[PDB]
């Protein structure tokens, strides 16, 4: 079989699947591991955006009541080191010890804040396990299909510990670990003992090429089979080569900028709001995205299903109100830094250059500060920074509650003093079933989010890849690459 060569924007600092949650980790850990339930993006001929959930490590499952789901595990599934998958591995994956309890904070810093209100799993037998929540949760199934729920081997993971496991991962997935050179490459090889569709590449190499121009050159020269994280300005050149093409899709993620609200100038909402109200998103979408990016009506996305609000108004744009907020905030004209890891995010620096000019027109002076991969700056040296959030559930709970809620990092680490009402609503939507009360609570949370501006949503990126026409592979509407029954050569 052909070896697959990928030129990527970046690499995660660990292959521990929860710590690898980012724009760059899932395309790798999706190959090493499996989940109990998987999303089939290609269900019923869909162009990589189907919402259908299908059996994966769980052959079947059944919701018992408002807070428990029983899973019947596929038998004779082997981890890469030979160990057979059992309910004990699944129980460990979703345990207090490894994932969501207080002891897990050191190993998986965001484990607890991104998890449901789990109770300890119950192992019924070697192939039967029940996942439970202490309080009602109708999100167990969507959680279990998500990037939080890749199944790790209990004994091997405990032996190494989360850090060393992150450098030598073992999973049940179609590709097994070969090597990891931090900040340079990850190499995987075919797991020919895979339980599902057999791997079609002999090897996969994820080679970091941080500068997108160099990545495009690598595809043109024949060094890479597929490249990631391009902008729509690269489409015409790549498609001019008869043996190459672009493959793009709008993904269930939003780009944003956010603030270190421990900094004096951002403790209060006024200047955060001034900066938010001066962003002309449609002009950025036209200039940098060739109309392909999508601007959402607040923290509100169609993948939320029953908790998506299609009637919501656009996020405000008001240059004159922004000018008045700069004056009322007492802002004295001092430059404010905005950190970016180059173009880790497609259009990060071009968007920042536009926003710097928009902010100059309201009297705020912003300056770019770049940081290298793996060297995220110290928190107290950051003021503004760019970020993104993958919308990882078929529900509005994610990402507003896990990221911006009372137990989340935006309030605890980055100092957002959220109104008490916002936190009360976060607690309510966590346990309520779908209905008018829950739907209205998310809309009020969205309104407070826009009023407070702890972050400023820019748009959903149009994720552009480029590939050799002789490498058959279709993108999916999420920040990952799927190769199961979706990778062939010739």
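Positions refer to the first chain, counted from 1. Think of the rigid core as the biggest set of C-alphas that the two forms share within 1.5 Å after superposition.
With every structure aligned by its rigid core, 449 to 457 is the stretch of 449 to 457 and 66 to 74 whose CA positions lie farther away in 8 other deposited structures of this protein.
Here the rigid core sets the fit, and in 8 other deposited structures of this protein the C-alphas of 381 to 389 stray farther than those of the other stretch, out of 128 to 136 and 381 to 389. Averaged over their C-alpha atoms, the temperature factors of 396 to 404 and 177 to 185 are higher for 177 to 185. Averaged over their C-alpha atoms, the temperature factors of 243 to 251 and 367 to 375 are higher for 367 to 375. The top Cα temperature factor in the record, among 89, 141, 306, 234, falls on 234. Of the residues listed, 227, 104, 295, 348, the entry assigns the biggest Cα temperature factor to 104. For residue 279, the recorded CA B-factor ranks within the middle third of the chain. Only modelled residues enter the ranking. Looking at the C-alpha B-factors along this chain, the one for residue 55 belongs to the middle third. When the modelled residues of the chain are ordered by C-alpha B-factor, residue 299 sits in the lowest third. Per the PDB record, residue ranking by Cα B-factor puts residue 100 in the middle third of the chain. For residue 341, the recorded CA B-factor ranks within the middle third of the chain. Only modelled residues enter the ranking.
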